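Undergrad: experimental coordinates follow, after the sequence.
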Amino acid sequence: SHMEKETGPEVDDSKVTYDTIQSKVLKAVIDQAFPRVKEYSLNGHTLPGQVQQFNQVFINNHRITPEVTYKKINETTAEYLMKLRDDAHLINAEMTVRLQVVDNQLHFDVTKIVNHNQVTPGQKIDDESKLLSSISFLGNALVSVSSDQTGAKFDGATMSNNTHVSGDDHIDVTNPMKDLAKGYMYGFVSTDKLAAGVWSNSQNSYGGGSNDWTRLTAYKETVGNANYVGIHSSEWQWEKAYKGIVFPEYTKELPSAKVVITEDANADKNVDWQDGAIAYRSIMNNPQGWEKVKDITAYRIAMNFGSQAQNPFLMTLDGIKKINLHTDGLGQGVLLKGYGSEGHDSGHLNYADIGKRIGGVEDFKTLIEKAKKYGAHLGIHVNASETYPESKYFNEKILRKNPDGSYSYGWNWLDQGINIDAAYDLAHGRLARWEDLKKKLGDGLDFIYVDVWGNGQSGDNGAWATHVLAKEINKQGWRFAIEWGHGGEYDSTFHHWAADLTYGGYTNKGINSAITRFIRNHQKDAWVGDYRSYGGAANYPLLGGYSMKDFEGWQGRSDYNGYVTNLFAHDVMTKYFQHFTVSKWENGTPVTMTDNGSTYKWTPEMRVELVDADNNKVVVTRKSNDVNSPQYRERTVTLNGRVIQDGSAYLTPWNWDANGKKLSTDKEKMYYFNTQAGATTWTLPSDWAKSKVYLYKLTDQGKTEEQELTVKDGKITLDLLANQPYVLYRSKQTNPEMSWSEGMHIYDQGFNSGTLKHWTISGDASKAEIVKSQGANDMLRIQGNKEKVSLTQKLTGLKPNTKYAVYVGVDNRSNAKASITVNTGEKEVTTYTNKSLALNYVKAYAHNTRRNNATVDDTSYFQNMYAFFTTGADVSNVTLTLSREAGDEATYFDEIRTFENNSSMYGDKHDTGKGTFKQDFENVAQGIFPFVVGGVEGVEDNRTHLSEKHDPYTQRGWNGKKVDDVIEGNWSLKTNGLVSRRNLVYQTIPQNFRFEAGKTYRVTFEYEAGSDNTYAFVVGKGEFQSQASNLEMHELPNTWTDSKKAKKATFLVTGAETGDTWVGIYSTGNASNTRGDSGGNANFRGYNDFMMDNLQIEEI
Ligand SMILES: [Ca+2]
Ligand SMILES: [Ca+2]
Ligand SMILES: [Ca+2]
Ligand SMILES: [Ca+2]
Ligand SMILES: [Mn+2]
């Protein structure tokens, strides 16, 4: 009141004809001349709409006075025909606005739009001003509040992803007050009697950051002696075009907005934004798939990359079973990053190209269907921003070009990507790409994760473009997910950088807004989770917040144990709260924090209450407001006044199956988890109190160590291991049959079942054990055997007369022969290894040589050992045998994968056998056989993979490309950019191809090399060391300056008597020659690359 009171034009609506539309509880007085609400009335209390007439709209940004005719449709409903004509700006249109009261809601709908100009979605338009592209009712508040009203206040949320900075504004409406003209995602006005919330489908943006997702605009308007704060819908979009081409019809969404009016809705006897937020759930858009979120407790990524097939579709079902047992049936969400093409960041845009080397559409369909019973939902990683020449959808027309006409290059890794123009893509059939995937896959896939979208790589990725993209995905029945905490606010249900707490640091997490989280906490994982070092909202949020970890290869992640502990430490309780809707949010006093380079104030939530449809009430209370107290980072949680979490421990009722379905009373359970040692005591519900109670320790074998608990006056006391999940039931439970590895033709391919029962052991069974790697990955170990030990299992469900490959991962520390043998009943084939000599450098593979997932002695020499065979007519007697001849030291085996394969490598025949060896790379089972990737990049998503032909884009000449990606057929072996490394790129190993002692072989291949002597053919023996081991080097010349195609290389190689000779490709110390090119041009054109094809090795 110390600044000058403000004054404005008075209201004069003495000549206005008003009508009333009303439900039983809500009356709205409306102008017949224009769709303006003068005032809302509910239970004798009022809120203004737009008090000052503004009978104008903005059409394509032009102020227009519409010619309006009114009709009263019925007691609740009025229509306004609004003719829009301005010849000078080529506006000749009409729209109908319907105002309708439904219970305590007012609906504002543009129900019908007619553009009299000729516009046809999909066709060229000569003049964009002919489009009816935007409709704005800015200037007409849908609801407001006046400074003359007691308790007048506005609350609004904007996007903030910085954990120190709340996105919310709380503004008292006073005269005087600060100017206000600002976009909001959510907005409320209230008095001490009524609160109103406003929703709009407007995909307006005023800019990036807090200016985005601004579907509402709040404005201060001084009317007479009073200030009003009014909430307006932001501008709506309609007919739009790109470079003259009108977008498809589905991009037009009819404008809609809603207001909801409420008294006290949480029984705290105060009326404020929280009541408005509760009521707002009845008018708001709901991101499709949101209902599922609360029961997706175990999210993770399973990764494939670079043709390696690290995680075949049917293998992922075994990880789902492991997590099912270990969590006693918590729901799951597995994002398949690398589901398509050759893996992650291969083949982008071709969404329907399901990865062949991981089992194709047939195994993907099986994974989806069979995962349902475990409440496991599958998602896929796609890209709508960048592609590669290999992709069916790579074309000049789709590529993004800079103003100077150069390509907007993407990242160079396996291949040099080029960004696409997403607006062009939308305007030229993007939708059909999703349709093709949906048709091929059928029903059942849960979610689409669109990587990078939001970062502008493909041009406009803002609110409008994101809603269009999400609608294409939702239309196929899929749920939307994206990378950034700030992305997809309207439609996303999952944000990777909100959920993986380690990413981005404190400025780039989930949505830091009490208002937004209150409204939608239960609908998405988009929030600030607990990560103390970020401070602010991340310093122990009372609602928790998803914490994602992984164990299936994503960024080299393999920590299964840590994954499960994390689920219990953060996610069980986070997900518990998502089964309820927030009803009350109470802040404590501001505290001072110091972290991330500043001292700042933060106002922490001290209590949050939640409720469900059955009026269960959950109360979550922070144990101290003192930021220096250990109790600041602790909560008490009650359900109906019963303590279920207190500090370090919880004993939490879980009444839902893996898919969220309510459990029968007798299947109800409770989870216990305590991050500290110590006895804890819990009050049970009376219907548990008079029952026997049974406790189980949860492990990767499911429920173990059954104990009957002693109940005393309805209490139990639990004194158990810290950081260890348990589950409690009212009756004795059993572990069901998991059918490990169903569809993979063998039982329990990964040694997860805790026994070798399905194997027939010939020899001393005490010498064969399932043991844990340094990464807790179970493996078969055979050691210390004086006689042969063999393990045999039938291969089941094979097709007759069909060609197959089978491999087992093998790491042999013994010199003794370790073998895989298949007997089809007509033929026996066998492959073996003596001591393993090649470390494993595949980052997304579970048994790479990184120390934390090493086999033993801090190393892993795991490599896939293959046999190739063909079934005959009878498939009832096909056996696989793993054996180890006598030796002291250990052989490790894991992951037996049998799958169709059509290679013809052995004297032009499929089956393992003698004859000239040939690799044309046209029928590779997986990886780069007979080579394995070397240590040139250490453990990495290796820059060598099988290159796929897409003429002319992948071949010499396209954008000045010097060398072909593919030499002959559809596939070659490509190494991208690994020049000047002085290290081994890849090598054969004896189990893949053996240079027999004292025999001599001719090794021939065709190759492309972009520069002279950057790569060399090498001959070695034993384990490579970069004392550098001895190598016979053959530097290779470039293949383009004096040749129109790949050159031929040929070498004589004699096998060392020790049997451990191999050959490969080595990155020399020589600098490449990029012929004056730099940047993306030099990367694209292949100066730094090496391609091989048509390998042949024959004895001479
Ligand atoms: Ca003052
Ligand atoms: Ca209230
Ligand atoms: Ca295993
Ligand atoms: Ca080929
Ligand atoms: Mn490629």
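TA: Everything's here; your move. Numbering: from 1, shown residues only. Ligands and ions are numbered 1, 2, ... in the order given.
Undergrad: gap between whichever residue of the chain sits closest to ligand 4 and ligand 2?
TA: As assessed by Cβ to the ion, ligand 4 sits closest to residue 969 within the chain, at 3.4 Å. C-betas here are computed from N, CA, C, even on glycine. Here the criterion is Cβ to the ion, to the nearest Å. By it, residue 969 lies 70 Å from ligand 2.
Undergrad: how about the longest helix anywhere in the chain, does it reach ligand 3?
TA: Criterion DSSP state H: the longest helix present in the chain is helix 313-327. No - against ligand 3, helix 313-327 shows no contacts by Cβ under 5 Å from the ion, the least distance being 8.9 Å.
Undergrad: looks like the residue of the chain closest to ligand 4 contacts residue 920 (just checking).
TA: Yes - using Cβ atoms under 8 Å, residue 969 is in contact with residue 920, at 5.8 Å.
Undergrad: what about these two, which has more around it?
TA: Legend: neighbour count by other Cβ atoms under 10 Å for residue 969 and residue 920, higher for residue 920 (20 against 13).
Undergrad: the residue lying closest to residue 589 once chain neighbours are set aside - how many residues pack around it?
TA: Distances taken as Cβ to Cβ, 6 or more residues apart in numbering place residue 625 nearest to residue 589, at 5.8 Å, with adjacent residues excluded. Number of residues near residue 625 (other Cβ under 10 Å) recorded here: 15.
Undergrad: what do you get for residue 15?
TA: Neighbour tally, residue 15, other Cβ under 10 Å: 6.
Undergrad: same thing with residue 258?
TA: 23.
Undergrad: could you give the bridge partners of it?
TA: Assessed by DSSP bridges, residue 258 has beta-bridge partners residue 107, residue 199.
Undergrad: I'd say it and residue 199 touch.
TA: Yes - counting by Cβ under 8 Å, residue 199 is a contact partner of residue 258 at 4.7 Å.
Undergrad: hang on, the earlier thing: what is the longest helix of the chain packed up against?
TA: Counting by 3 or more Cβ pairs under 8 Å, 6 or more residues apart in numbering; DSSP states H and E, the packing neighbours recorded for helix 313-327 are strand 298-303, strand 332-337, helix 360-371, strand 376-383, helix 560-566, strand 693-699.
Undergrad: list the beta-bridge partners for residue 182.
TA: residue 218.
Undergrad: OK, contacts around it?
TA: Residues in contact with residue 182 (Cβ atoms under 8 Å, 6 or more residues apart in numbering) are 156, 158, 169, 217-218.
Undergrad: recalculate using a threshold of 10 Å.
TA: Contacts for residue 182 (Cβ atoms under 10 Å, 6 or more residues apart in numbering) come out as 156, 158, 169, 171, 206, 210-211, 214, 216-220.
Undergrad: and for residue 969 and residue 920, which residues touch both?
TA: Contacts common to residue 969 and residue 920, judged by Cβ under 10 Å, 6+ apart, are 1093-1094.
Undergrad: circling back: closest one to residue 1054 among the helices and strands packed on helix 313-327?
TA: strand 298-303 (40.2 Å; Cβ to Cβ).
Undergrad: packing partners for the closest one?
TA: helix 313-327, strand 332-337, strand 376-383, helix 496-499, helix 560-566 (3 or more Cβ pairs under 10 Å, 6 or more residues apart in numbering; DSSP states H and E).
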